[PDB]
Amino acid sequence: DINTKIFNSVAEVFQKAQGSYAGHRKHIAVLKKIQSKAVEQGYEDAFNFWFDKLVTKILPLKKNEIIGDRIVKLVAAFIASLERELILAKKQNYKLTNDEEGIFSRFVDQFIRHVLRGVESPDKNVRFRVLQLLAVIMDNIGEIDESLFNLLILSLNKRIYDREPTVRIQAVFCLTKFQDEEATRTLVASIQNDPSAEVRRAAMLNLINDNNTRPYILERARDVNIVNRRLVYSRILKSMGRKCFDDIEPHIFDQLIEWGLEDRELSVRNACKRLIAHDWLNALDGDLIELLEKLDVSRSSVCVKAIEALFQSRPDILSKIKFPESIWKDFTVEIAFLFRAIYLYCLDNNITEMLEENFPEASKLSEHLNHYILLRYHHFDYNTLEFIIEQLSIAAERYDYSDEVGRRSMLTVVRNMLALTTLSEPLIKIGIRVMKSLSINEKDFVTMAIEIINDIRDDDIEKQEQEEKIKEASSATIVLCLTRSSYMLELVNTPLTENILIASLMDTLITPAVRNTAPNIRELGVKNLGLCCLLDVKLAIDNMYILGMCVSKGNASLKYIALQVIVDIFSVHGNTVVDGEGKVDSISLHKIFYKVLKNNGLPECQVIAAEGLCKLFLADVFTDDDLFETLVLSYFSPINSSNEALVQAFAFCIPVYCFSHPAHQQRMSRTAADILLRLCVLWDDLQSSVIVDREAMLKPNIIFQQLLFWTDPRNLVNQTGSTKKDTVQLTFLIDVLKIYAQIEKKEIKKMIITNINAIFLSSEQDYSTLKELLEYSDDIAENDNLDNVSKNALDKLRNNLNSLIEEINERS
Amino acid sequence: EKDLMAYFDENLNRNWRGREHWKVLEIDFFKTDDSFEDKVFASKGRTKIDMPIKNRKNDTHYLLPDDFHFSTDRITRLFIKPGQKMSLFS
DNA sequence: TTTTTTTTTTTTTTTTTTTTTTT
DNA sequence: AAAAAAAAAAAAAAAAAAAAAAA
């Protein structure tokens, strides 16, 4: 009779506890009192049995339930309150109790052995509830036996490869409790191989940070899920804090910063900006020099996109930053980069107060730059001085030169700097930029650059003639002259007739260097010849067979530069340089483009050729069908599957072309059927090849779907109004149905016929085209032996066509 | 021309990989039963509760490929002269 | 007797941020 | 006053119905 009373009491407690969370302490108290009375009278087995019986009633409940979510928390609180008593008793002094450790151990053992009787139940809700109970009790369990531990590990390692993702999440929540500095090897296997994103997120969040597991955690920064890519920046690195500058490797850190500040999603970029501008800045003492020192500033190019973000979140720090006269003649890389970023951010906006109260004058900046120039090239490491000079030149290139004295001073400084022969390439480039910024018109910078080049050449010639005692310069002199002339020609936008100095430098330097034996001199000469052909049309017409021969016969860099030059010539001028008296025909250039497209040994050349051909097709130049067919085939080719840049370029260049103008969509539809024909042959040979990667090529149904997506008149960006009448997708379907009589296999026929009921059928469409499509579908349905799904699809298509034709017939 | 370029950059932002990714009340604790535990605690029988072996490992590790950023700005400029911008989409 | 794939279609759950609630 | 539970919205993608072979 006492068992009935125990059951009634525990059932009343459970009924009162499932209501709301308010009052979950008196319930624990009365449960403890009932258990104490039961173990004192001598009836604990009945108490355990009835507890298990009443707990079992919450297993069939669905995850989206609160009644079942209260009972698990009640049981967890009961276990925690029952173990905390023993914890406190063992903590403070050594108080002998009335034998409770054994009772607790037996209770946990029997409760674990009872709940594990449904770990392999067919109902997913029961398994979910069992795993959730185990996860919520694993926090408070104490010491257990070896048999129970082995059984638990076996059950978890069996349920980690479960069908339901939620059961797998509960399994990883259970497994993240048995880690130590077998569970780690299981967790790192789910972070890289689990098909569910929530399981990977849970395994990433609930994994210890150690030198052996940190790479696997940081690798999830390029996950296919946006939440997984955001949690690595808004949770992991935030919890690490200052340890990111000590444990994470420099290159991994720079790669993470690049991936964060250059993501295609707004949430990831916002999270990276929040982490950089707020958490990492507040982790220090509010200073910025230490933050710039943590980053590499030098030997990198990410801080330009980082500090700017810091200038968009906290503008107040932008006001406590100065450059007094004392902090001069002793700059580092951080201070120079800071000055550059400050000046650029103040000039890009309208912050004029700082512009007139912080930055010095031009006459002083010229002297400050000349000081470092003299320390470097006339008297602190070399790399630091070069970086400081580069930053100062970048800051001075966009400087306000209203005064004449400062302008003349900076001009003299840049002449004395560019007149050297030890200067590096970036310094030469930024000096050319500053020189262009220090000129009145275009008739002055060109003259100054030509004068500098001629002075260098004449100095070399005079030195050679003087040393001849005790008519062609050396190779290094030609290299420096061509390097200095490339950046000068890159800033000229005027006819070549108005500039006779460039016309002289052509046959004095560029033209003799074009036919040079050395490869680098030849490459620089080809680059200069291209930069000059993009200025005059006669020189561009007369210089094309040499570029064709350079592409056909030449090294990798030579073909690279020559293809770039040809693409730029066609983009600037057009069809004028071809088809005419004394001009290069278009067939030879088309053959060269074909040969460079089919060549797999040079992937970068393929990428450049594809990009240039897409650029030409996007304009009025190059209106051919075979070239477009070859482009689409190279996009859909199993050989070109290794080149990621080519695929990424085509995937962006084809849709914009097809959706820009209806003529482009018509050109695509006129050849998509033959493309599908040539594509269905390569799949058969790939599937029947015994030598391989059979999954490299896309399946024919996906190709047909993508081709139907490109020939849809509803995806046009103009939408004039007559787009509902134009019949572009019908001709493609008719051509596909005509080619259908040439396919050999039956699975290809099936996957082609199944993906037909997806075209645009309206009433404003034509009548004869719909009719012809009807007779074609009828012939295919009759004079053929199809299956069942293809037959049903064809019948549905014929019914739709008949309905549309009967509707159009009732008119006029 | 700027509006069309912005539209093409905004719409084609998530489809940069190509290939196959081209697509745009109250429980009564007093009532006792007998078939409840039999229906809850039982064998799996025929219904499988595990995932296939082929769907357990993947070589791609569910990672994103290297991004090259093919936008309208990159295709508008030239090659050897990034300052000039040819006329397209017009 | 499940299960399995393909096409076509329509929600569902999560996470962050606020209000109440219980001492 | 501090910690926990409940509720509304945005963000972002997994989930499901139908039909014909397959073990």
# chains A, B, ... in the order shown; residues from 1 in each chain; ligands from 1

$ closest_atom_pairs --of "chain C" --to "chain B" --cutoff "10 Å" --atoms "only C-alpha atoms (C1' of nucleotides)" --output "JSON lines"
{"residue": "C:1", "atom": "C1'", "partner": "B:46", "partner_atom": "CA", "distance": 9.2}
{"residue": "C:2", "atom": "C1'", "partner": "B:47", "partner_atom": "CA", "distance": 7.3}
{"residue": "C:3", "atom": "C1'", "partner": "B:47", "partner_atom": "CA", "distance": 9.9}

$ closest_atom_pairs --of "chain A" --to "chain D" --cutoff "8 Å" --atoms "only C-alpha atoms (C1' of nucleotides)" --output "tab-separated table"
residue	atom	partner	partner_atom	distance
A:21	CA	D:5	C1'	7.8
A:788	CA	D:20	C1'	7.4
A:789	CA	D:20	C1'	7.2

$ closest_atom_pairs --of "chain A" --to "chain B" --cutoff "6 Å" --atoms "only C-alpha atoms" --output "CSV"
residue,atom,partner,partner_atom,distance
A:11,CA,B:29,CA,5.7
A:118,CA,B:41,CA,5.2
A:121,CA,B:44,CA,5.9
A:122,CA,B:44,CA,5.0
A:162,CA,B:50,CA,4.7
A:163,CA,B:51,CA,4.7
A:192,CA,B:61,CA,5.1
A:193,CA,B:57,CA,5.0
A:222,CA,B:64,CA,5.3
A:223,CA,B:63,CA,4.7
A:224,CA,B:64,CA,5.8
A:619,CA,B:88,CA,5.6
A:648,CA,B:17,CA,5.8
A:651,CA,B:18,CA,5.2

$ write_last_selection --atoms "N, CA and C atoms" --output "mmCIF file, in the first residue's frame"
data_model
loop_
_atom_site.group_PDB
_atom_site.id
_atom_site.type_symbol
_atom_site.label_atom_id
_atom_site.label_comp_id
_atom_site.auth_asym_id
_atom_site.auth_seq_id
_atom_site.Cartn_x
_atom_site.Cartn_y
_atom_site.Cartn_z
ATOM 1 N N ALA A 11 3.604 11.317 -8.756
ATOM 2 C CA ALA A 11 2.786 11.731 -9.890
ATOM 3 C C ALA A 11 2.215 13.126 -9.676
ATOM 4 N N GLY A 118 16.026 2.567 -24.997
ATOM 5 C CA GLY A 118 15.339 3.066 -26.171
ATOM 6 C C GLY A 118 16.257 3.843 -27.092
ATOM 7 N N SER A 121 15.391 2.751 -30.709
ATOM 8 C CA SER A 121 13.972 2.675 -31.009
ATOM 9 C C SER A 121 13.688 3.219 -32.409
ATOM 10 N N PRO A 122 12.702 2.651 -33.106
ATOM 11 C CA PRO A 122 12.367 3.168 -34.443
ATOM 12 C C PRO A 122 11.855 4.596 -34.425
ATOM 13 N N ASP A 162 23.943 8.680 -37.186
ATOM 14 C CA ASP A 162 22.496 8.536 -37.186
ATOM 15 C C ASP A 162 21.894 9.187 -38.426
ATOM 16 N N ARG A 163 20.640 8.829 -38.706
ATOM 17 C CA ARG A 163 19.953 9.367 -39.875
ATOM 18 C C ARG A 163 19.438 10.778 -39.618
ATOM 19 N N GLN A 192 34.347 17.740 -40.466
ATOM 20 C CA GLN A 192 34.848 17.761 -41.832
ATOM 21 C C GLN A 192 34.118 16.819 -42.776
ATOM 22 N N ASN A 193 33.218 15.971 -42.278
ATOM 23 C CA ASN A 193 32.565 14.976 -43.117
ATOM 24 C C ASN A 193 31.059 14.877 -42.926
ATOM 25 N N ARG A 222 35.715 28.906 -44.232
ATOM 26 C CA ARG A 222 35.315 28.848 -45.632
ATOM 27 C C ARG A 222 34.212 27.818 -45.848
ATOM 28 N N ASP A 223 33.335 27.660 -44.860
ATOM 29 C CA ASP A 223 32.243 26.706 -44.961
ATOM 30 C C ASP A 223 31.201 27.188 -45.966
ATOM 31 N N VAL A 224 30.383 26.244 -46.441
ATOM 32 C CA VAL A 224 29.319 26.575 -47.387
ATOM 33 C C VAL A 224 28.108 27.200 -46.716
ATOM 34 N N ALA A 619 30.455 43.384 -76.435
ATOM 35 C CA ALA A 619 30.362 44.564 -77.277
ATOM 36 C C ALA A 619 29.889 44.165 -78.672
ATOM 37 N N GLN A 648 34.688 30.108 -63.181
ATOM 38 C CA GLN A 648 34.108 31.255 -62.493
ATOM 39 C C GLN A 648 33.936 32.447 -63.427
ATOM 40 N N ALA A 651 30.823 31.465 -65.771
ATOM 41 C CA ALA A 651 29.566 31.488 -65.032
ATOM 42 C C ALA A 651 29.056 32.901 -64.791
#

$ interface_residues --of "chain C" --to "chain A" --cutoff "12 Å" --atoms "only C-alpha atoms (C1' of nucleotides)" --output "tab-separated table (two decimals) with C-alpha atoms (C1' of nucleotides), in the first residue's frame"
chain	number	residue	atom	x	y	z
C	6	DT	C1'	13.77	12.54	-60.05
C	7	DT	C1'	10.78	16.55	-60.69
C	8	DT	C1'	8.08	20.11	-58.79
C	12	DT	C1'	9.61	25.31	-41.25
C	13	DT	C1'	13.22	26.15	-37.67
C	14	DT	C1'	17.32	29.40	-35.64
C	15	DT	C1'	19.26	33.27	-33.83
C	21	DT	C1'	9.06	37.00	-14.11
C	22	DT	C1'	11.24	35.20	-9.79
C	23	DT	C1'	14.01	35.50	-6.25

$ select_by_dssp --residues "stretch 706-794 of chain A" --states "alpha helix (DSSP H)" --output "CSV table (one decimal) with C-alpha atoms, in the first residue's frame"
chain,number,residue,atom,x,y,z
A,706,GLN,CA,21.0,25.4,-67.6
A,707,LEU,CA,20.5,25.8,-71.4
A,708,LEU,CA,16.8,26.2,-70.9
A,709,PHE,CA,17.5,28.8,-68.2
A,710,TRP,CA,19.6,30.9,-70.6
A,729,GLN,CA,12.7,29.0,-76.4
A,730,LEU,CA,10.4,27.2,-78.9
A,731,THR,CA,13.0,27.0,-81.6
A,732,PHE,CA,15.5,25.5,-79.2
A,733,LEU,CA,12.9,22.8,-78.1
A,734,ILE,CA,12.1,22.0,-81.8
A,735,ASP,CA,15.8,21.6,-82.6
A,736,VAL,CA,16.3,19.4,-79.5
A,737,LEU,CA,13.3,17.2,-80.6
A,738,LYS,CA,14.8,17.0,-84.1
A,739,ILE,CA,18.2,16.0,-82.8
A,746,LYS,CA,18.1,5.3,-73.6
A,747,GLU,CA,18.9,7.0,-70.2
A,748,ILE,CA,20.0,10.2,-72.0
A,749,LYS,CA,16.8,10.1,-74.0
A,750,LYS,CA,14.8,9.7,-70.8
A,751,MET,CA,16.6,12.6,-69.0
A,752,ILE,CA,16.1,14.8,-72.0
A,753,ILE,CA,12.4,14.1,-72.4
A,754,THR,CA,11.7,14.4,-68.7
A,768,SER,CA,2.7,28.0,-86.6
A,769,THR,CA,5.5,27.4,-84.2
A,770,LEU,CA,3.2,25.9,-81.6
A,771,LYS,CA,1.6,23.8,-84.3
A,772,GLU,CA,4.9,22.4,-85.6
A,773,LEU,CA,5.9,21.6,-82.0
A,774,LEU,CA,2.6,19.7,-81.6
A,775,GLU,CA,3.2,17.5,-84.7
A,776,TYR,CA,6.8,17.0,-83.5
A,777,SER,CA,5.7,15.9,-80.1
A,778,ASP,CA,3.0,13.7,-81.6
A,779,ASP,CA,5.5,12.0,-83.9
A,780,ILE,CA,7.9,11.4,-81.0
A,781,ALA,CA,5.0,10.0,-78.8
A,782,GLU,CA,3.8,7.6,-81.6
A,789,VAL,CA,7.7,8.9,-66.9
A,790,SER,CA,8.9,10.2,-70.3
A,791,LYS,CA,5.5,9.1,-71.8
A,792,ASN,CA,3.6,11.0,-69.1
A,793,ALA,CA,5.7,14.1,-69.6
A,794,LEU,CA,5.2,14.0,-73.3

$ residues_around --residues "stretch 443-452 of chain A" --least-positions-apart "2" --cutoff "10 Å" --atoms "only C-alpha atoms (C1' of nucleotides)" --output "PyMOL selection string"
chain A and resi 415+418-420+432+435-441+454-458+481+484-485+487-489+491-492+498-499+501-502+504-505

$ residues_around --residues "stretch 621-635 of chain A" --least-positions-apart "6" --cutoff "8 Å" --atoms "only C-alpha atoms (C1' of nucleotides)" --output "PyMOL selection string"
chain A and resi 570+574-575+590+597+610+646-647+650+667-668+671-672+675+679

$ residues_around --residues "stretch 279-281 of chain A" --least-positions-apart "6" --cutoff "10 Å" --atoms "only C-alpha atoms (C1' of nucleotides)" --output "list in words"
residues 234, 237, 238, 239, 241, 242, 244, 273, 287, 288, 290, 291 and 310 of chain A

$ residues_around --residues "residue A:541" --least-positions-apart "2" --cutoff "10 Å" --atoms "only C-alpha atoms (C1' of nucleotides)" --output "mmCIF file with C-alpha atoms, in the first residue's frame"
data_model
loop_
_atom_site.group_PDB
_atom_site.id
_atom_site.type_symbol
_atom_site.label_atom_id
_atom_site.label_comp_id
_atom_site.auth_asym_id
_atom_site.auth_seq_id
_atom_site.Cartn_x
_atom_site.Cartn_y
_atom_site.Cartn_z
ATOM 1 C CA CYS A 533 49.025 50.823 -80.239
ATOM 2 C CA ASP A 536 47.301 55.288 -82.653
ATOM 3 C CA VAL A 537 45.372 53.218 -85.179
ATOM 4 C CA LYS A 538 47.987 52.980 -87.957
ATOM 5 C CA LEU A 539 50.623 51.540 -85.619
ATOM 6 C CA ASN A 543 51.639 45.609 -85.704
ATOM 7 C CA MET A 544 49.451 42.493 -85.655
ATOM 8 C CA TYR A 545 51.250 39.668 -87.505
ATOM 9 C CA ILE A 569 43.544 46.587 -79.117
ATOM 10 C CA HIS A 573 39.648 50.156 -81.654
ATOM 11 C CA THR A 576 39.112 48.491 -88.108
ATOM 12 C CA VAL A 577 42.470 46.713 -87.643
ATOM 13 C CA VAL A 578 41.177 43.703 -89.623
ATOM 14 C CA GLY A 582 47.147 45.266 -96.236
ATOM 15 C CA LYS A 583 45.482 44.111 -93.010
ATOM 16 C CA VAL A 584 45.463 40.839 -91.086
#

$ residues_around --residues "stretch 321-337 of chain A" --least-positions-apart "6" --cutoff "8 Å" --atoms "only C-alpha atoms (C1' of nucleotides)" --output "count of residues only"
14
